[PDB]
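> I'd like to ask you about the structure that follows.
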Amino acid sequence: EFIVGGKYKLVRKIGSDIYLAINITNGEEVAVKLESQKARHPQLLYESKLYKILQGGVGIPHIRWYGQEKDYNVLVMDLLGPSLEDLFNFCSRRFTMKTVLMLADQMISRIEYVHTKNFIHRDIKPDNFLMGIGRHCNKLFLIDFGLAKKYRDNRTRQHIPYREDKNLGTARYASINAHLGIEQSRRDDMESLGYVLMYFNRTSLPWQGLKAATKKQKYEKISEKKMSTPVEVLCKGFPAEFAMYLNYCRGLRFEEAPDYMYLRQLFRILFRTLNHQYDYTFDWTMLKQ
Amino acid sequence: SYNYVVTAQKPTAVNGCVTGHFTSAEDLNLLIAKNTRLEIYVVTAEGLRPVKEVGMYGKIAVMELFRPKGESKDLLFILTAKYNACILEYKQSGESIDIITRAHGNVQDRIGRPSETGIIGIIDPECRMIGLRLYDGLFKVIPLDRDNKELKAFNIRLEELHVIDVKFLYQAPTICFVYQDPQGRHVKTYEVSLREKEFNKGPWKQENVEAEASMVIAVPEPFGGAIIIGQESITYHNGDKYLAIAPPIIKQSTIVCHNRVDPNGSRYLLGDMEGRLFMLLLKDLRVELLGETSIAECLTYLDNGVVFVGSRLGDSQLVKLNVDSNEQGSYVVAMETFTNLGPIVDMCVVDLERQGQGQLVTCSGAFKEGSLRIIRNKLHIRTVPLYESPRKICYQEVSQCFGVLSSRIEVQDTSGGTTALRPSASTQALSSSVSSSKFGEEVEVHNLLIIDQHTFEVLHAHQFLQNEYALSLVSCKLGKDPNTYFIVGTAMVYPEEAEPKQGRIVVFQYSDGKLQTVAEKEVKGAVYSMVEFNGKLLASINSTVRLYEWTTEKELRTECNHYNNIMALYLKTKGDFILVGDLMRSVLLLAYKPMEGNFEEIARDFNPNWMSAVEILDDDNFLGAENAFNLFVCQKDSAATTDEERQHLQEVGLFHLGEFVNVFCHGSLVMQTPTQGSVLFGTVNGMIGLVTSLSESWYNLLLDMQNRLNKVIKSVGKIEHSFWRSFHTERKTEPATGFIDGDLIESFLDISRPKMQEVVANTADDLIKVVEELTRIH
Amino acid sequence: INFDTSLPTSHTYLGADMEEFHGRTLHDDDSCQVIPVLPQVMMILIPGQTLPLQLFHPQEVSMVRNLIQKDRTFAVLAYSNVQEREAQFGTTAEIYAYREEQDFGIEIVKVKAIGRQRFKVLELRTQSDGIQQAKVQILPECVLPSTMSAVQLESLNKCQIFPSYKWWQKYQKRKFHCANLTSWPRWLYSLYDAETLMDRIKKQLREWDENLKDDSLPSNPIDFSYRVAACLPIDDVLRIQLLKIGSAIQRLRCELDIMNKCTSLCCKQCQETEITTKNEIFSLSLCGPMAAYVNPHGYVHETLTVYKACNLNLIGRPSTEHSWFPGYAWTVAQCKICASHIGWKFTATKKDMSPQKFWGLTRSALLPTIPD
Ligand SMILES: O=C1CC[C@H](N2Cc3cc(Nc4noc5ccccc45)ccc3C2=O)C(=O)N1
Ligand SMILES: [Zn+2]
């Protein structure tokens with residue numbers, strides 16, 4: 001019998017560690033992230049700290065309660081919908097061009113909001129983008145801020161120094177430079193988002209089925225397989241704009257702010273060219289019709 | 001605490017009168033009941049001969065004569081309001097007169113709801129039983145035997161729960177009455193079995209009667225049966241027999257009293273709510289309008305065309321009827337008039353003539369019996385008739401006149417408008433004025449009368465707005481203004497609205513016979529009260545208590561407000577202290593904080609009981625009148641160590657007055673001492689009483705003297721003096737505290753010298769000096 | 001309109017029919033008594049009110065057991081502050097329905113109590129077991145005779161027995177005819193008349209419920225006044241004041257004042273965010289517009305029903321469990337500014353039901369407001 005915070009009974013595990021919980025005062029369902037005290041890789045106290053900063057922007061989930069219960073650190077938060085990786089699987093590993101372009105728009109803005117509050121996500125992958133529930137079922141939430149790093153001071157806006165020699169995460173969507181041990185900035189979030197888009201466009205990436213015994217070996221193929229494949233090759237047979245986006249991100253200087261209006265315009269104009277409406281009818285909405 | 005209350009003028013209203021043979025089998029008597037007072041008269045050819053006047057320790061709620069078998073003369077049954085019952089007898093031996101108690105007891109039930117149509121006492125024609133309807137659903141029967149000296153009684157269950165009127169009919173003791181139910185109103189009969197202790201089926205079937213039946217009349221033999229009187233009809237039900245009549249002469253007003261002229265029930269006297277006097281005269285039934293008397297509470301034919309009219313609202317009359325002498329019409333002529341100060345709905349004390357001895361001027365009576373009365377020290381009363389109802393009165397020395405609010409009834413017109421019913425003081429002024437405005441149904445019209453203090457003529461009459469109701473009157477100076485003004489606070493009253501949402505405070509001035517509206521301020525509710533407060537005007541508008549300043553622009557400017565829990569019906573003020581009240585005894589104390597310009601509640605006391613008036617005795621004491629005719633005193637302790645005690649008012653005086661007070665008044669009627677202070681009050685029966693404070697020493701002394709006096713003085717009906725004066729409501733009865741019955745102390749001067757010695761047995765002449773000093777206060 | 005008003009008062013959601021008692025316990029008025037206090041209860045219990053309960057902790061279950069054997073009555077404290085643990089007044093609750101259940105091995109007891117008698121707290125004492133017993137003084141119930149019965153002319157007593165706008169005008173002119181002898185008008189005596197006050201309140205209840213006034217509504221002013229007191233969505237400091245009142249004439253009078261002055265119902269935490277208005281209040285239960293209900297884990301919510309709310313955001317999706325109003329579902333509702341919980345939204349389940357959507361608001365999250 002696990003009631004967290006005085007009010008949240010944990011019904012079941014809905015992710016792994018994300019748990020459905022129910023508030024015993026009202027009946028409201030919430031999500032509870034359980035992290036062991038004296039765990040190997042502690043982040044919950046960090047995430048609870050970032051969520052206080054990011055509170056207020058659209059697509060950022062509300063925190064109910066952080067604290068300790070029994071042996072654990074507890075994060076009680078909004079219950080969201082499926083992830084984009086969940087919904088990809090629902091659609092049989094295939095998104096239309098409309099669903100990518102619509103998803104491109106919200107995804108760009110989510111990453112932008114975090115960038116404004118002075119942090120880089122460093123974990124841009126479909127698993128961390130989630131639709132909401134109920135009134136928020138067309139809204140996209142960017143979550144899991146365990147890997148989020150400050151990149152500039154809040155008042156002086158001075159950027160973090162250029163380093164090399166850091167450890168990359170999810171190799172699949174990392175940037176070229178972040179494999180090369182170069183320190184990450186806003187550009188590397190943008191370049192990441194772009195791989196996520198192409199991975200919707202083609203059922204897989206050119207560096208996806210590269211197997212090797214150890215994780216160091218898994219990364220090494222992918223990192224140089226990516227360096228081997230031109231952005232034109234990767235986006236071939238898809239609209240020019242996708243290649244223009246990736247060329248832009250990798251065109252950025254370390255400290256240099258991305259032009260979010262330009263990146264959102266590329267797909268918004270393309271969305272217009274393809275004679276689509278932004279009617280929040282995604283591929284998955286059709287399968288439920 | 002420890003106050004002394006004493007009667008200044010006994011009650012004058014007549015709430016009942018009977019005729020019979022009570023002092024002698026040969027004499028004809030007129031017995032009059034004035035609340036606590038019983039008056040006995042011998043009916044001579046000349047007039048009425050006063051024979052004996054007794055006081056009772058109770059409010060006479062029933063008074064009937066009856067002559068059982070074996071008695072030489074009638075006996076008198078009396079039931080007081082507190083349910084003391086009794087039978088009395090007149091015994092005289094030479095010069096000594098005594099009212100001896102033949103039987104007595106209290107008939108109250110531990111459980112029961114007081115009936116809607118009131119107490120009803122009836123006595124069987126054969127003197128077999130006394131029937132009482134004290135509570136709904138029960139009929140109490142006291143059996144008339146020699147061996148019932150305790151007046152023991154049993155109840156019979158009464159299915160008809162809404163009984164209007166009931167009389168014993170003229171073989172078995174039969175009652176006929178009228179009940180009200182969804183079906184309608186009906187007339188029914190029951191026999192009463194003393195042996196069975198229940199009801200049996202009555203002689204004649206239940207008949208469906210008029211939906212306004214309010215009065216039952218038992219016709220004696222040879223006619224028998226009963227007469228049921230309603231708003232439109234007068235029917236005669238005697239078993240099977242029926243003779244209904246619906247005369248238009250009676251349709252105008254409801255008939256409220258009746259009297260059997262002829263012993264065989266041939267002709268009856270009828271009187272309505274408006275003073276008309278009728279004659280009711282079995283094959284045929286008919287009515288005749290005889291003339292106009294005072295509004296009758298009770299009628300009683302005496303002999304040789306003379307009648308006594310007892311008047312609760314107005315003055316009591318002996319009138320001569322000329323029913324015979326058929327050359328001239330039936331006409332009523334007033335032989336004698338007896339003063340009735342009641343109801344006193346307001347009064348004031350003015351030093352009119354002697355400039356040392358105060359004079360009491362009241363608003364008294366209602367409707368056509370409305371009048372002023374000027375009372376000065378055996379009391380002397382001068383009756384200024386008004387033919388409409390006075391409601392407030394105040395004096396204005398500067399303009400040597402009185403300001404009086406009043407009200408008259410007018411009926412809606414066919415033309416669109418209203419027509420008065422008779423001339424009245426507001427319509428016969430020498431100068432008049434009306435406020436600037438913005439079917440047959442009664443409409444109430446309110447005026448400000450201006451009245452010469454010397455002649456008592458109606459110099460000016462100002463009429464107020466349509467549907468405006470005048471509530472408060474003041475005479476005073478305000479601000480830096482040398483002028484003195486009449487200020488009337490009003491309320492707009494429409495039948496659809498339930499609480500007053502508009503009102504006015506109107507500043508008049510009386511100069512050179514001309515009354516002018518100096519200023520008018522409109523407020524958002526009823527102005528229940530106003531008082532002059534240290535050069536400002538303190539006006540209560542519903543639950544707000546507001547303070548006004550008189551600008552040099554001759555305007556009222558709001559200085560502060562104070563919103564209370566309660567509606568501010570009563571206002572009073574001593575110093576910077578204010579006493580706020582409401583109809584439910586909710587007392588409040590405020591104090592004006594001049595350094596802050598606002599009000600600050602000092603204390604309160606909420607004990608739910610209906611409250612009729614309040615008055616500031618001293619800085620620490622407040623005197624009130626509260627439900628079931630009681631007086632009380634509340635007290636403040638500004639010294640107390642805790643703030644929970646210092647904002648609490650302690651109940652320090654409880655007294656069963658026996659009268660319904662309407663106004664308290666600081667002042668005296670004597671030439672301006674063991675007593676401190678003087679509060680005069682007036683009541684619904686027209687009683688005037690005097691309230692004044694004592695010392696703990698003088699209180700304790702008189703208190704011992706009361707108990708002794710109670711051991712020696714013979715109470716008519718053997719009613720205990722402690723029981724009578726005990727604080728009374730239907731829920732609680734507590735013994736009286738903090739009050740000295742000055743009417744009992746003063747009765748010492750009337751007890752016999754041997755009895756005086758018995759009381760003084762710790763010197764009787766030493767006590768007579770104390771009592772005589774105490775008679776010098778009124 | 002198309003859902004049984006009787007289903008919510010049955011409290012069928014609690015489960016199978018409970019054991020019912022028929023007896024009654026009433027301490028004689030003004031009597032000092034010590035009565036135990038259920039530790040977790042926070043409600044300010046008006047008399048004549050049903051309080052559902054589900055007790056889980058072992059100390060609570062034991063305490064109900066003793067009561068079902070003794071006089072069955074516990075003390076419900078009206079708290080000035082809960083954390084202060086201070087209370088000046090409260091009400092006796094008599095248990096009249098119970099059921100014991102052994103769920104997942106743990107003993108559980110479900111109770112329906114009813115408020116009986118107002119009291120003044122003389123002393124509170126927590127015993128060595130953690131359960132606290134209350135020194136209490138039973139506050140009497142004030143009944144006043146008619147206003148003018150005393151000043152009634154015995155001859156004029158006839159006016160009293162009396163036969164809608166034309167009827168109340170004749171009622172006021174006859175029952176209050178003897179105001180001619182007193183200094184106050186007849187219409188002011190009707191501002192203190194129980195039957196006149198109640199008929200003014202019945203006019204406001206019919207605006208909330210289509211139910212005929214005749215049967216549902218009690219004739220006795222004391223029972224009528226307490227029934228109305230229970231269904232007013234006011235705040236606790238007001239209700240503690242209303243409880244302090246002993247006279248129905250005043251209780252009925254402070255009730256009409258509240259129903260006319262306060263027209264807006266705003267979030268208590270914001271004080272300024274408007275949630276709904278008295279125009280939207282409506283009765284979907286027999287006991288009135290507002291009733292007391294228990295959540296599966298024992299929390300008890302006083303749930304006022306309104307057709308329309310605003311400034312509420314829904315959280316989650318409709319659920320059909322524990323539906324205090326069966327045939328309806330619920331979506332937890334938060335205040336749009338402070339995110340405090342305000343109540344639940346009820347959404348029908350069969351299209352034939354009416355109303356198809358309604359709202360249920362928990363009194364403790366509201367604040368009655370006077371406009372301007
Ligand atoms: O009509 C209404 C409005 C809503 C209101 N509810 C319903 C409810 C259910 C609940 N369920 C559960 N908590 O933990 C659980 C673990 C497993 C399975 C179920 C649960 C917790 C609280 C409440 C509450 O407040 C009510 O009782 N009635
Ligand atoms: Zn809020």
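To be explicit about the labels: the chains of the structure tokens are called A, B, and onward in the order shown, and within each one the residues are counted from 1, while ligands get numbers from 1 in the order they are shown.
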Extract the full set of strand (DSSP E) residues from range 63-296 of chain C according to DSSP on the backbone, and format it as JSON, numbers by chain.

{"C": [73, 74, 75, 76, 77, 78, 79, 80, 81, 86, 87, 88, 89, 90, 91, 92, 93, 94, 95, 96, 97, 98, 99, 100, 101, 102, 103, 106, 107, 108, 109, 110, 111, 112, 113, 114, 115, 116, 117, 118, 119, 120, 121, 122, 123, 124, 125, 126, 132, 133, 134, 135, 136, 137, 138, 264, 265, 266, 267, 274, 275, 276, 277, 290, 291, 292, 293, 294]}

> Write out, as a CSV table (one decimal), in the first residue's frame, the residues just selected, with C-alpha atoms.


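The resulting file, again29.csv, is reproduced below:
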```
chain,number,residue,atom,x,y,z
C,73,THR,CA,-23.7,9.8,19.8
C,74,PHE,CA,-20.3,11.6,19.2
C,75,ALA,CA,-19.4,15.3,19.2
C,76,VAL,CA,-18.6,17.1,15.9
C,77,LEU,CA,-16.5,20.2,16.7
C,78,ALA,CA,-16.9,23.5,14.8
C,79,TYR,CA,-13.3,24.6,14.6
C,80,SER,CA,-12.1,28.2,14.6
C,81,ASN,CA,-8.8,26.8,13.4
C,86,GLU,CA,-9.8,25.2,19.0
C,87,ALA,CA,-13.6,25.0,18.9
C,88,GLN,CA,-16.3,26.9,20.8
C,89,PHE,CA,-19.4,25.2,19.4
C,90,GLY,CA,-20.3,22.0,17.7
C,91,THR,CA,-23.2,19.6,17.3
C,92,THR,CA,-24.1,16.1,18.5
C,93,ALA,CA,-24.2,13.4,15.8
C,94,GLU,CA,-26.3,10.3,16.5
C,95,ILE,CA,-25.4,7.2,14.5
C,96,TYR,CA,-28.5,5.8,12.8
C,97,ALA,CA,-26.9,3.4,10.2
C,98,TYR,CA,-23.8,1.3,10.2
C,99,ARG,CA,-22.1,-1.6,8.5
C,100,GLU,CA,-18.8,-3.4,9.3
C,101,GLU,CA,-16.7,-4.9,6.5
C,102,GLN,CA,-13.5,-6.8,6.5
C,103,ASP,CA,-11.7,-5.6,3.3
C,106,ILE,CA,-8.6,-4.8,7.5
C,107,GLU,CA,-11.8,-4.0,9.4
C,108,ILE,CA,-13.7,-1.1,7.9
C,109,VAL,CA,-17.0,0.6,9.2
C,110,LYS,CA,-19.4,2.8,7.2
C,111,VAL,CA,-21.8,5.0,9.1
C,112,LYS,CA,-24.6,7.4,8.5
C,113,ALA,CA,-24.9,9.9,11.4
C,114,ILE,CA,-27.4,12.7,11.8
C,115,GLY,CA,-26.8,16.0,13.7
C,116,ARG,CA,-29.0,16.2,16.8
C,117,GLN,CA,-28.2,19.0,19.3
C,118,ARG,CA,-26.2,22.2,19.2
C,119,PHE,CA,-23.7,22.6,22.1
C,120,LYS,CA,-21.1,24.8,23.6
C,121,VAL,CA,-17.7,23.3,24.2
C,122,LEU,CA,-16.9,23.5,28.0
C,123,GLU,CA,-13.6,21.4,28.0
C,124,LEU,CA,-11.7,19.3,25.5
C,125,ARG,CA,-9.5,16.5,26.9
C,126,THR,CA,-7.5,14.1,24.7
C,132,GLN,CA,-10.5,13.0,22.8
C,133,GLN,CA,-13.7,13.3,24.8
C,134,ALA,CA,-15.6,16.6,25.0
C,135,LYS,CA,-17.1,18.4,27.9
C,136,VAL,CA,-20.1,19.9,26.3
C,137,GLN,CA,-23.2,22.0,27.2
C,138,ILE,CA,-26.3,21.4,25.3
C,264,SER,CA,-21.5,35.4,-6.3
C,265,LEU,CA,-19.5,32.2,-5.4
C,266,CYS,CA,-15.8,32.7,-5.9
C,267,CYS,CA,-12.7,30.5,-5.3
C,274,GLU,CA,-15.6,34.0,-9.9
C,275,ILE,CA,-16.8,30.4,-10.2
C,276,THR,CA,-20.6,30.6,-10.3
C,277,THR,CA,-23.7,32.5,-9.1
C,290,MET,CA,-26.2,20.8,-1.4
C,291,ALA,CA,-25.6,17.4,0.5
C,292,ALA,CA,-22.7,15.7,2.3
C,293,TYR,CA,-20.9,12.8,0.7
C,294,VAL,CA,-18.0,10.5,1.4
```

> Please return, as a CSV table (one decimal) with N, CA, C and O atoms, in the first residue's frame, all residues of chain A lying within 12 Å of chain C when only C-alpha atoms are considered.


```
chain,number,residue,atom,x,y,z
A,1,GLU,N,0.8,-1.3,0.0
A,1,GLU,CA,0.0,0.0,0.0
A,1,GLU,C,0.8,1.3,0.0
A,1,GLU,O,1.3,1.8,1.0
A,3,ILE,N,0.9,5.2,-0.5
A,3,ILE,CA,0.4,6.5,-0.7
A,3,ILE,C,1.5,7.5,-0.5
A,3,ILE,O,2.2,7.6,0.5
A,6,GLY,N,0.7,12.0,1.2
A,6,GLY,CA,-0.5,12.0,1.9
A,6,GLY,C,-1.7,11.8,1.0
A,6,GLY,O,-2.8,11.5,1.5
A,7,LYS,N,-1.6,11.8,-0.3
A,7,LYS,CA,-2.8,11.7,-1.1
A,7,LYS,C,-2.8,10.8,-2.3
A,7,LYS,O,-3.8,10.6,-2.9
A,8,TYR,N,-1.6,10.4,-2.7
A,8,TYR,CA,-1.5,9.7,-4.0
A,8,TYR,C,-1.2,8.2,-3.8
A,8,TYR,O,-0.1,7.9,-3.4
A,9,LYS,N,-2.2,7.4,-4.1
A,9,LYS,CA,-2.1,6.0,-4.0
A,9,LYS,C,-1.6,5.5,-5.4
A,9,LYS,O,-2.1,5.9,-6.4
A,22,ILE,N,-3.5,8.0,-7.9
A,22,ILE,CA,-4.8,8.6,-7.7
A,22,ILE,C,-4.8,9.5,-6.4
A,22,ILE,O,-4.4,9.0,-5.4
A,23,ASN,N,-5.3,10.7,-6.5
A,23,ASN,CA,-5.4,11.6,-5.4
A,23,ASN,C,-6.6,11.1,-4.6
A,23,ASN,O,-7.7,11.2,-5.1
A,24,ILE,N,-6.4,10.8,-3.3
A,24,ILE,CA,-7.4,10.2,-2.4
A,24,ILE,C,-8.4,11.3,-1.9
A,24,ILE,O,-9.3,11.0,-1.1
A,25,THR,N,-8.1,12.6,-2.1
A,25,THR,CA,-9.0,13.6,-1.7
A,25,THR,C,-10.1,13.8,-2.8
A,25,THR,O,-11.2,13.9,-2.5
A,26,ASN,N,-9.6,13.9,-4.0
A,26,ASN,CA,-10.5,14.2,-5.2
A,26,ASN,C,-10.8,13.0,-6.1
A,26,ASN,O,-11.9,12.8,-6.5
A,27,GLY,N,-9.7,12.2,-6.5
A,27,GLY,CA,-9.8,11.2,-7.5
A,27,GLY,C,-9.1,11.6,-8.7
A,27,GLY,O,-9.1,10.8,-9.7
A,28,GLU,N,-8.4,12.7,-8.7
A,28,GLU,CA,-7.6,13.2,-9.8
A,28,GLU,C,-6.4,12.2,-10.0
A,28,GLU,O,-5.8,11.8,-9.0
A,29,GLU,N,-6.2,11.8,-11.3
A,29,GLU,CA,-5.1,10.9,-11.6
A,29,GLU,C,-3.8,11.8,-11.8
A,29,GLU,O,-3.9,12.8,-12.6
A,30,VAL,N,-2.7,11.3,-11.2
A,30,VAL,CA,-1.4,12.0,-11.4
A,30,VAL,C,-0.3,10.9,-11.7
A,30,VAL,O,-0.5,9.7,-11.4
A,31,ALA,N,0.8,11.4,-12.3
A,31,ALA,CA,1.9,10.5,-12.5
A,31,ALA,C,2.9,10.7,-11.4
A,31,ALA,O,3.1,11.8,-10.9
A,56,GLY,N,5.3,27.5,-16.4
A,56,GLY,CA,4.6,28.6,-17.0
A,56,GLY,C,4.5,28.6,-18.5
A,56,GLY,O,3.6,29.1,-19.1
A,62,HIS,N,2.9,20.4,-15.1
A,62,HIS,CA,2.8,21.0,-13.8
A,62,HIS,C,3.3,20.0,-12.7
A,62,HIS,O,3.0,18.8,-12.8
A,63,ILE,N,4.0,20.5,-11.8
A,63,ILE,CA,4.5,19.7,-10.6
A,63,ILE,C,3.5,19.8,-9.5
A,63,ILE,O,3.1,20.9,-9.2
A,64,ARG,N,3.0,18.7,-9.0
A,64,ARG,CA,2.2,18.6,-7.8
A,64,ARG,C,3.0,18.6,-6.5
A,64,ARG,O,2.8,19.4,-5.6
A,78,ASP,N,1.8,16.1,-13.5
A,78,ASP,CA,0.7,15.9,-14.4
A,78,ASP,C,0.8,14.6,-15.1
A,78,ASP,O,1.9,14.1,-15.4
A,79,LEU,N,-0.3,13.9,-15.3
A,79,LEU,CA,-0.4,12.7,-16.0
A,79,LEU,C,-0.6,13.1,-17.5
A,79,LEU,O,-1.6,13.8,-17.8
A,80,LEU,N,0.3,12.6,-18.4
A,80,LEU,CA,0.3,13.0,-19.8
A,80,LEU,C,-0.2,11.8,-20.6
A,80,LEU,O,-0.5,10.8,-20.1
A,81,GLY,N,-0.2,12.0,-21.9
A,81,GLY,CA,-0.6,11.0,-22.8
A,81,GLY,C,0.5,10.1,-23.3
A,81,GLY,O,1.6,10.1,-22.7
A,132,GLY,N,-0.9,15.4,-24.4
A,132,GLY,CA,-1.6,15.5,-23.1
A,132,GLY,C,-2.8,14.6,-23.1
A,132,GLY,O,-3.1,13.8,-23.9
A,133,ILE,N,-3.6,14.8,-22.0
A,133,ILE,CA,-4.8,14.1,-21.8
A,133,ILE,C,-5.9,15.1,-21.8
A,133,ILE,O,-5.8,16.2,-21.4
A,134,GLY,N,-7.1,14.6,-22.3
A,134,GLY,CA,-8.3,15.4,-22.2
A,134,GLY,C,-8.2,16.8,-22.9
A,134,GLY,O,-8.2,16.8,-24.2
A,135,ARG,N,-8.3,17.9,-22.2
A,135,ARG,CA,-8.2,19.2,-22.8
A,135,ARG,C,-6.9,19.4,-23.5
A,135,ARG,O,-6.8,20.3,-24.4
A,136,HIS,N,-5.8,18.6,-23.2
A,136,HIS,CA,-4.5,18.8,-23.7
A,136,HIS,C,-4.1,17.7,-24.7
A,136,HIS,O,-2.9,17.5,-24.9
A,137,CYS,N,-5.1,17.1,-25.4
A,137,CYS,CA,-4.8,16.0,-26.2
A,137,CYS,C,-4.2,16.3,-27.6
A,137,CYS,O,-3.8,15.4,-28.3
```

> What is the CA of residue 36 in chain A to CA of residue 145 in chain A distance in Å?

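Between CA of residue 36 in chain A and CA of residue 145 in chain A the gap works out to 17.4 Å.
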
> I need the chain C residues near chain B as a ChimeraX atom specification; criterion: at most 6 Å, counting only C-alpha atoms.

/C:150,157-158,160-161,181,183

> Which residues are near ligand 2 in this structure, taking near to mean any atom at most 9 Å from a ligand atom and counting only C-alpha atoms and all ligand atoms? Format them as JSON, numbers by chain.

{"C": [266, 267, 268, 269, 270, 271, 272, 273, 274, 311, 312, 334, 335, 336, 337, 338, 339, 340, 341, 342, 365]}
